[PDB]
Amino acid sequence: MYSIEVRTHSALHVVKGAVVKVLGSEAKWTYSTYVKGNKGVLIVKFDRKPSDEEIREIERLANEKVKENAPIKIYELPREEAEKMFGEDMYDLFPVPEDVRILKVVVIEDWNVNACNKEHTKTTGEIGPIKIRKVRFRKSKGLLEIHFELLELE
């Protein structure tokens, strides 16, 4: 088993992938994330407020990735190499300090790659049904908030 929070954190990587698939590469940059219990907040850099249909799609695709039970692999390589093997996409808006010479990159094949040092579940199925509760688009900073919560079902 996995703690609910380790579960919610993992959902973030899944939700991010769904976001990029639906909104495109322009929403590929993460600004920040927060997790509290079964609730999660993914803020990505974007330029508009997604339509209700797109939100639905992000949700659908995110839940489909959960059911596929895809593995969440975690490679540990040299900054330089990882830099060339995964490219710029493994990062967020905010750079991982340069004092760090070795990176732990989380990968969900064809979905999301991110230098992350936190604990993740071994597979996407271990996350469970995800529900997007609120979506806020902050015009000034041009950031998109995707609020979601995991579900106490089975």
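Numbers for residues come from their place in the sequence shown, where the first is 1.
Mean C-alpha B-factor is higher over 113 to 121 than over the other stretch, the pair under comparison being 34 to 42 and 113 to 121. A summary of the deposited B-factors shows that, of 127 to 135 and 7 to 15, the stretch with the larger mean C-alpha value is 127 to 135.
Ranked by Cα temperature factor within the chain, residue 56 sits in the middle third according to the deposited record. In the PDB entry, residue 48 places in the middle third of its chain by CA B-factor. In this PDB entry, the Cα temperature factor of residue 27 sits in the bottom third of its chain's modelled residues, the lowest group. In this PDB entry, the Cα temperature factor of residue 103 sits in the top third of its chain's modelled residues, the highest group. Residue-level temperature factors show residue 90 in the middle third of its chain, judged at the C-alpha atom.
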